[PDB]
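Trainee: Okay, here's the structure, questions in a sec.
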Amino acid sequence: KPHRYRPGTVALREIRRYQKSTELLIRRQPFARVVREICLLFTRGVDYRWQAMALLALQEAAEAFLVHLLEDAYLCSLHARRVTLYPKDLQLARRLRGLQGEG
Amino acid sequence: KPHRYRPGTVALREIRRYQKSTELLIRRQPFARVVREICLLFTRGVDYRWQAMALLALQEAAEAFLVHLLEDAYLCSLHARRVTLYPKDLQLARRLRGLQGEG
Amino acid sequence: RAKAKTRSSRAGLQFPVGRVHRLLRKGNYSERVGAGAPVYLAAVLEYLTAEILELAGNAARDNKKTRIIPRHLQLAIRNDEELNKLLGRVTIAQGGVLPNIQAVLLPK
Amino acid sequence: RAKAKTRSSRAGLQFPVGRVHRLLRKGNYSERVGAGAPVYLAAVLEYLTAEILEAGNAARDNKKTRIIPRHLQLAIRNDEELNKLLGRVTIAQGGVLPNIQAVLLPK
Amino acid sequence: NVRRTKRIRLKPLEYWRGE
Amino acid sequence: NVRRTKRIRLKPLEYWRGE
Amino acid sequence: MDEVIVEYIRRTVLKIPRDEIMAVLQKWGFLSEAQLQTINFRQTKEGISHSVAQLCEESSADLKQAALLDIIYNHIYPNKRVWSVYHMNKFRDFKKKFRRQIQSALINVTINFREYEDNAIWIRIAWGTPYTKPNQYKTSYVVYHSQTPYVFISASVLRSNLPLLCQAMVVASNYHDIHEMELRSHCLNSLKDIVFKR
Amino acid sequence: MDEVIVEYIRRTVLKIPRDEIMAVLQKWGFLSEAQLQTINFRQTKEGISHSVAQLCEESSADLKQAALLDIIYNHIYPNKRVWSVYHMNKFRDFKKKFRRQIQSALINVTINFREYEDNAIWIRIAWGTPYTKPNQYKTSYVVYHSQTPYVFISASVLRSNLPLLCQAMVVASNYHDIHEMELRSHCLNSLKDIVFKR
Amino acid sequence: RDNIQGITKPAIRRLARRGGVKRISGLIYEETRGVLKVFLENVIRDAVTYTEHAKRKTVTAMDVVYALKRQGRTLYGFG
Amino acid sequence: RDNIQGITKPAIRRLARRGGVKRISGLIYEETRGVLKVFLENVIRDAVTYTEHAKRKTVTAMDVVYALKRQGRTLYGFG
Amino acid sequence: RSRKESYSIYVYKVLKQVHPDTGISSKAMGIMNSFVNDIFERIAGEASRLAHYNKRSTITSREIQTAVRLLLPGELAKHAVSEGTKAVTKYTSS
Amino acid sequence: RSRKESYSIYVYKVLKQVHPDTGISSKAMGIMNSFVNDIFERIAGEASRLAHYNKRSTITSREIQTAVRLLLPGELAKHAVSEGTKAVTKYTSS
DNA sequence: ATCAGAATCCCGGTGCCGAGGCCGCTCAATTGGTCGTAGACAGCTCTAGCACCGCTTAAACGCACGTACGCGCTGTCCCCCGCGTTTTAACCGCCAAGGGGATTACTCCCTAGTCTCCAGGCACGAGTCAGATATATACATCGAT
DNA sequence: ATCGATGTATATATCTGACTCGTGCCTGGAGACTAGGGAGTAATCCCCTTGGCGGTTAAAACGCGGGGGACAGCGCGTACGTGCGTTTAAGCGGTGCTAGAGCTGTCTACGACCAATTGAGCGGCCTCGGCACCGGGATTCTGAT
């Protein structure tokens, strides 16, 4: 007779644990690899050195944009009288921003 | 007996008649009155004249803002799989613009 | 003295160069404006104006007129991603909207 | 020769005035800057920075005598007429406001 | 303590429905 | 007559899903 | 109600040449000379405007002194507006009886008087519908020597009030008819006695 | 392998003095000299590099002449490295067995050879994994003479390949023992003459 | 006689019809007036601030295009 | 081998559980990598352009703020 | 051995006039430095195009006044302009 | 009344270059008069920002190139380079 | 409603590195004066914006009909959450080394600057034909049947 | 699949009225020639980034079970659509008329600019104590009684 929680109620403790802290949520190594990949996609093969503060800047602004995207899409999905999230709702919250997400 | 269409089948001819039209859709006298009303609020009583091309300018910008607002809210309402629009839909498309509408 | 040869004709450019150089001095974008910058910038504006007006003409002949009203400019700016992304924050005076019915509004 | 004094203490402001007067013409914003616009600009920056720091109301709840950027974010996202100024500007090591919707919480 | 500005440090003060 | 500059006149090319 | 009156004061003093302002405030006399002692005349005129604005905001000004400022501005600068002369056809309560027929159907309207010693009343009238506040910038004026059967009127751009104003002047005076003389100009003092001395 | 090549040629031409450009290009000999006759050299080094980059683009070099530019730029400027010397103990077949035995654990590796008359062979090794494309900026160089037990090594920042490099160098040669002498210097010819003499 | 209801009901109907809206609810006729009002309050303040700086007393079409450009939408075609 | 799946199956869950999300579908873990990669493309495509302009071969942290400003989101704390 | 100046000293001085018992880390100094070198740039880059509209070649105090009445949202501007004006009157005393 | 210079003639000339038989209304001339000043102001603002980062005190023809590859989205911008290069060489050879 | 059973927190404790001063020092404010000059102020003109005035008619208002979409109710079923375990690379030091910012001296090109033109672009004017109605209709479409 | 009813794209006049092309004319391009001064370009140098390596370990991978939400189907009722008769005010031309935008003169305070102080702000430096981690109990929720 173990203890199993209600499904769902771990998420509220997770939300209230993560909205407090100022840590980052993407590890520096895989984000570093996925950002060093793109310079070989844009600069015609030559590798550019990344100064190790600017990686933290991309690591900061990527989360500070993506969490806005996910929160606003969740607001849209809550508007749709359903409590979960979907690719349709990330699609919708990406569309109702015009070119402001893309420049 | 009279002849009535199915409802909606007037509206589609209304759309295909209106998207081709490049007229203004707000009449000049009421919009001129409602834009002269706010200058009394904002300039501490003294009225300001309006060069009558700038009335056409605001008469253009109100549509350029409002038809995109209504089109995007209708798109977000189409995300909820319901054919009509609602104040929830206008509030949601009013929400997912950040501060770019007011900033 | 010398020959009266405009700086535009030393590029074959239909936009003036002395105007751009005067606007870059007097408009206060730097202290000194080098001589190559208006030569470059007149070409960039020539290219952009031609890019609008060509699609404007293609919209014009597809309504069987000859003079371009702003409706063709709206219908030829917002019909290509290589220009729509440049002008997303610009409304056009009396432009109208693209012919745009959504997915599931139509009967049957 | 006389007994000199700064422009800032002659204007009674903490933000420097020689610095803003150096930047306001050698940053190419005009070919002429008047003798008063640096004083005014130092005043506006002074009022804005004091409006942010009065942060210290948020620091009482955390009981930390330092100010760390979580406090700054919880000040600026939670004060409207400074929110809208910095509405599309984020902050390093930011974090968001503690924010749950209404439909999510059970009975 | 020299500044203590007179203002109302109120809320996010939501738009999009009212106020 | 020398215009019709060499570009790729293309679609709307909708965003928000990739492409 | 509060920003509007200091606003009207500020706009009206703003249209005054720089070397005469301490003159007309000396004719105004609403704020004392002790308040007047902070006018830094050696800056531009809008700084003078803001200074007298905060001065009259301090002493809690109201529309009587603002209209007095306006009518002294007329008494010292009557050559701005355009004056047309009317002629009637067959005094201590004239002030009280003229503010009866004005508020007959045009209710929310403001009227004021000042007296010259030659029986010349300078009358300020700022028109307004009974739906909104009267606007103090479209203000019309009537000067009238009660001895003569002639009257000078500078009515502003608010038309369809000249017949009401002249008929109110007819019924308030002891006369029966009014006529618009075909002469008019904006140089009042030259045509001030042009009906006399023929 | 399409436009990284022209950018490699551009960034390697960029690392030359502006004055020795015609010398290294006429020593290189991929582009014709008539194509050299249309290039201005009073430009920036960026612009000179960009023009000769478009020239190399329209003449369509794939891989060999760029590596020749690399090894010739080192042939004129070898003191822009740090050179180690390995003492060992007990050319067509040499380079053939070397190519076949360096593609042993790592496959997509670029190898090139420059023969000299003083038994000197310069081997340029552009390194890479079986997954990664071979990088052109982490190169290693081998300077070897077939009458000495000494070899010169440009120890790159792609280390932990130099054991595999020296083992395939020894087994590619007619030798058995490998050893690193303790001396390294950023002047190649100094170690060259003090180990040819001693 | 209320000066905000000048943007009348079939005008808003046809204005949605331009955007491609089939059916509009009965309560949009307040919310769209509200957002039209707040948009004009966020534009005309900037326009009269432009002209009040220039000591002018009318608002030119340039002095509302400049308020729009700072606000976040340029409007081409007004000189 | 694969380079895009570093943003791992609970890390996106960690981001959603920061942004007030109670329950996620099983398709967001693949779909949001598209948005993350599009945003990273539209930042680095300006960052390398800036630091290529100054004839350098590093990417200084000033030339990430100076690209994020051109995108529309200034990033404080890296002056 | 070259100097890149800051606003750290001035932020630290103005911290004393609001909260006399508090501290700020290095990253909070970074936030309150990049904030100032953003908002001063925004006000000056507004006032420049504002004085360039009316063909005046200067930037007086008045154009900064229009910049702060336009740029700052709402009632905050209503005090900041006051905080300018009193300030510049102190510059006309001495 | 005195002098209000514009881009009215030049767009007409480039239209007669592209099209022999298309007229152009006055409102279209207004649109192509505001578009040219808008694009020119954006590119020159980016040129000034790039002058202000790298501490150089000028806007050379190199510094326009980064702005033109910056603003215009992708497959358009490259063509502008192969205009302007094809422009500027034709200046310097003459 | 209770009660074990988890998360959490908080009072106390320890170690440590980043703040707060400290201190030399040096280059950028500052005083002081000169001098063009940008714009402040005053005055004049003409033009477009406002207030009517009638009118006339097209749209706005209300209303009756009626239907179909939004919503609530089952239901069901299956996709995702929550542990358990088990693998595995992220991270932390740690060494190194050398590529390359970052500075410095020096040296040309080149662009601001001033004349001296002088003619491309511009503000007025006239003759328009490219559209804007306007019949009308020939044909597509809606919808009962 | 008809056929009746209804918009409408098509088309010949016509009557514009916005092009647009003409035309002097200037005021802004353009040669011509300095100059100084900012940027190119070698040349060195130290710093900090990449490259490994070992080794922990805290997350990932996966799995598996079960249940709670998404979706689907179905009634039902209303709030919408839609024409219709009306009525009202928007827009039509037309007339003042006038406030007020613009445009010239002409000063005159005033800001650029050049030099000599000279100290205020900046780069190292160094304590030390505010804070980053345990830890152990002391709490608050919560899932099935």
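The numbering of chain C matches Swiss-Prot: 12-119, in order.
Each residue, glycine too, has its Cβ placed from N, Cα and C.
Per Swiss-Prot, the features are:
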type: CROSSLNK; residues: C:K14; note: ubiquitin cross-link
type: CROSSLNK; residues: C:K16; note: ubiquitin cross-link
type: MOD_RES; residues: C:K14; note: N6-(beta-hydroxybutyryl)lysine
type: MOD_RES; residues: C:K37; note: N6-(2-hydroxyisobutyryl)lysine
type: MOD_RES; residues: C:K37; note: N6-(beta-hydroxybutyryl)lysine
type: MOD_RES; residues: C:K37; note: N6-crotonyllysine
type: MOD_RES; residues: C:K96; note: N6-(beta-hydroxybutyryl)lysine
type: MOD_RES; residues: C:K96; note: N6-succinyllysine
type: MOD_RES; residues: C:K96; note: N6-(2-hydroxyisobutyryl)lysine
type: MOD_RES; residues: C:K96; note: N6-glutaryllysine
type: MOD_RES; residues: C:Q105; note: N5-methylglutamine
type: MOD_RES; residues: C:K119; note: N6-glutaryllysine
type: MOD_RES; residues: C:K119; note: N6-(beta-hydroxybutyryl)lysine
type: MOD_RES; residues: C:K119; note: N6-(2-hydroxyisobutyryl)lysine
Trainee: In whole Å, how far is C:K37 (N6-(2-hydroxyisobutyryl)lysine) from C:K96 (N6-(beta-hydroxybutyryl)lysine) when you measure between their Cα atoms?
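Mentor: For C:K96 (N6-(beta-hydroxybutyryl)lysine) versus C:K37 (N6-(2-hydroxyisobutyryl)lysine), the Cα atoms are 31 Å apart.
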Trainee: Just to verify a number: CA distance, C:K16 (ubiquitin cross-link) to C:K119 (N6-glutaryllysine), in angstrom, no decimals.
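Mentor: Cα-Cα, rounded: 68 Å.
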Trainee: Select from the recorded positions C:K14, C:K16, C:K37, C:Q105, C:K119: which have any Cβ-Cβ contact with chain F shorter than 8 Å?
Mentor: none
Trainee: Within a 10 Å radius around the Cβ, which one of these recorded positions has the most neighbouring Cβ atoms: C:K14, C:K16, C:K37, C:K96, C:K119?
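Mentor: Of C:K14, C:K16, C:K37, C:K96, C:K119, the one with the most crowded Cβ is C:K96.
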Trainee: Excluding near sequence neighbours, so keeping only residues 6 or more apart in the same chain, what lies with its CB under 8 A of the residue listed as 'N5-methylglutamine'?
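Mentor: The list for the residue listed as 'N5-methylglutamine' reads C:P81, C:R82, given in order along the sequence.
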Trainee: Name the recorded positions, out of C:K14, C:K16, C:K96, C:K119, that lie close to chain B, meaning a Cβ-Cβ distance under 8 Å, keeping sequence order and answering 'none' if none do.
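Mentor: Listed recorded positions passing the 8 Å Cβ cut to B: none.
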Trainee: Which of the recorded positions C:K14, C:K37, C:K96, C:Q105, C:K119 have a Cβ lying under 8 Å from any Cβ of chain A?
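Mentor: Cβ contacts with chain A under 8 Å: C:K96.
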Trainee: Going by DSSP, give the three-state secondary structure for C:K37 (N6-(2-hydroxyisobutyryl)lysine).
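Mentor: Once the DSSP labels are grouped into three classes, C:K37 (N6-(2-hydroxyisobutyryl)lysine) ends up as helix.
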Trainee: Taking each of C:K37, C:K96, C:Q105, C:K119 in turn, which of these modified residues have a Cβ less than 8 Å away from a Cβ in chain L?
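Mentor: So the ones by chain L are C:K96, C:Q105.
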Trainee: Using DSSP and three states only, what is C:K16 (ubiquitin cross-link)?
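Mentor: Its secondary structure by DSSP: coil.
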